[PDB]
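Here's the structure, in C-alpha cells; my notes come after.
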Amino acid sequence: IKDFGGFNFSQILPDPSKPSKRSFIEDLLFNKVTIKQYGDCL
Amino acid sequence: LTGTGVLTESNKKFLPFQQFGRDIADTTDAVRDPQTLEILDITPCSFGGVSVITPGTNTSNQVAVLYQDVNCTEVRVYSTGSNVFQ
Ligand SMILES: *[C@@H]1O[C@H](CO)[C@@H](O[C@@H]2O[C@H](CO)[C@@H](O)[C@H](O)[C@H]2NC(C)=O)[C@H](O)[C@H]1NC(C)=O
Ligand SMILES: *[C@@H]1O[C@H](CO)[C@@H](O)[C@H](O)[C@H]1NC(C)=O
Ligand SMILES: *[C@@H]1O[C@H](CO)[C@@H](O)[C@H](O)[C@H]1NC(C)=O
Ligand SMILES: *[C@@H]1O[C@H](CO)[C@@H](O)[C@H](O)[C@H]1NC(C)=O
C-alpha cells in the first residue's frame, strides 16, 4: 500500500523491473558516470 | 630482442621498413618474424594476484587461496580440485 498522504516515492523507491535493487533516479545516477581474465586482451 | 611471453598470430599494418611495435609504456607489443614474415603480437605471460585467506594461525593452519580477477580455468593442492568457487 502506498497511502503516503499523496507523496509519490515511486521514483526513489526500488523498481522491481530494474537491476534488482535500483530506483529510477539511482539508475539515472549510475548512467551519468563512466574481471578482465587473460583471454580478453590476448 | 629477448623477452618472455605468448606469441599470437595477429594482423597489423607494418610498412616494409619496420620490425617491431611498441606499447604506450615503450615496451614491445608486436614483432615481425625475421623469416616467416608475419606481424605477431607479444602478450605478457598469464599473471595473477594471489591472496591467502586464513583464520588465526593458532586456531588452524588451513588456508584458502584467491586468484584475483582470473577465470577458474587458467589456474599444487590449491591449484584445482572439487572445492573451487568462481
Ligand atoms: C507516481 O508517479 C509515477 C511517475 O512519476 C506514476 O507512474 C505513471 O503513471 C501514469 C498513469 O497515470 C503512466 O501514464 C506513466 O507512464 C507512469 N510513469 C511511470 C514512470 O511509471 C504513478 O502513477 C504515480 N503514483 C500515483 C499513486 O499516482
Ligand atoms: C628463409 O627466409 C625467407 C624469408 O626471407 C623464407 O622465404 C625462406 O623460406 C626461408 N628458408 C628457409 C630454408 O628457412
Ligand atoms: C587465536 O587468537 C585470536 C586473536 O588473534 C583469538 O581471537 C582466537 O580466539 C585464538 N584462538 C584460539 C584457539 O586460541
Ligand atoms: C569463464 O570461462 C567460461 C568458458 O566456458 C565462461 O562460460 C564463463 O562465463 C567465464 N567466467 C567469467 C566470470 O567470465
Side-chain angles (χ1 to χ4, degrees), chain A residues 2 4-17 19-20 22-42, chain B residues 1-8 10-12 14-22 24-25 27-68 70-73 75 77-86:
Chain A
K2 301 299 182 297
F4 296 140
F7 297 79
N8 184 333
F9 298 110
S10 298
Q11 309 298 253
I12 60 175
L13 279 170
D15 185 335
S17 63
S20 80
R22 303 208 295 204
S23 62
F24 191 90
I25 298 189
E26 293 161 343
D27 275 1
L28 294 186
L29 297 172
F30 271 98
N31 295 335
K32 295 297 178 187
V33 183
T34 298
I35 294 169
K36 299 296 183 181
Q37 290 189 193
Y38 174 79
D40 181 65
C41 295
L42 177 63
Chain B
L1 176 63
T2 68
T4 302
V6 313
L7 309 176
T8 74
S10 102
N11 59 345
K12 257 161 166 138
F14 262 47
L15 284 137
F17 72 76
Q18 271 144 5
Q19 182 41 97
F20 57 88
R22 265 301 164 61
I24 62 174
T27 304
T28 309
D29 184 62
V31 64
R32 182 182 65 198
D33 181 65
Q35 294 176 336
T36 311
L37 296 174
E38 63 185 342
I39 296 99
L40 61 80
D41 304 9
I42 309 179
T43 308
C45 276
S46 178
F47 90 107
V50 169
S51 314
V52 182
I53 304 156
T54 168
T57 299
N58 63 346
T59 280
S60 150
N61 36 22
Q62 182 176 354
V63 310
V65 175
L66 177 69
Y67 304 89
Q68 292 176 343
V70 319
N71 201 335
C72 291
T73 181
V75 63
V77 175
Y78 306 106
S79 178
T80 58
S82 93
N83 217 3
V84 173
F85 189 14
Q86 179 61 69

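Whatever order the structure lists them in is the order used to number ligands and atoms, beginning at 1. What's counted below: heavy atoms across the whole structure, side chains too, no hydrogens, waters or symmetry copies. In the text below, chain A, chain B and the rest are named by the order of the sequence lines, each starting its count at 1.
Under the 4.0 Å distance rule, the nearest protein heavy atom to atom 2 (O) of ligand 3 falls inside the cut-off. Of the protein's heavy atoms, none falls inside 4.0 Å of atom 13 (C) of ligand 2. Of the protein's heavy atoms, none falls inside 4.0 Å of atom 5 (O) of ligand 3.
For B:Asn83, the CG atom sits in a loose shell: 12 or fewer heavy atoms of surrounding residues, nucleotides or ligands are nearer than 6.0 Å. Around atom CD1 of B:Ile53, more than 12 heavy atoms belonging to other residues, nucleotides or ligands sit under 6.0 Å away.
Nearest-heavy-atom check against atom 26 (C) of ligand 1 across A:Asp15, A:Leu13, A:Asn8 picks out A:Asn8.
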Before giving the answer on side chain to side chain contact (heavy atoms under 4.5 Å, CB included), spell out for B:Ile39 and B:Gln18 the whole-Å C-alpha distance, their side-chain angles and the decisive distance to 0.1 Å. CA-CA 10 Å; B:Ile39 296 99; B:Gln18 271 144 5; over 6 Å; no
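Pairing each heavy atom of B:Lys12 with each of B:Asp41, the nearest pair is NZ-OD2, 3.5 Å.
Protein heavy atom closest to atom 10 (C) of ligand 3, with residue, atom name and distance, is B:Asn58 ND2, 2.5 Å.
Atoms of ligand 2 found under 4.0 Å from any heavy atom of B:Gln35, numbered from 1 in the order shown, are 4 (C).
Counting heavy atoms from C-beta outward, A:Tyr38 and B:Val6 have side chains that approach closer than 4.5 Å.
The side chain to side chain contact (heavy atoms under 4.5 Å, CB included) test with B:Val50 singles out one residue from B:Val75, B:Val65, B:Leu66, B:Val70, and that residue is B:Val65.
Ligand 1 lies less than 4.0 angstrom from a heavy atom belonging to A:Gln11.
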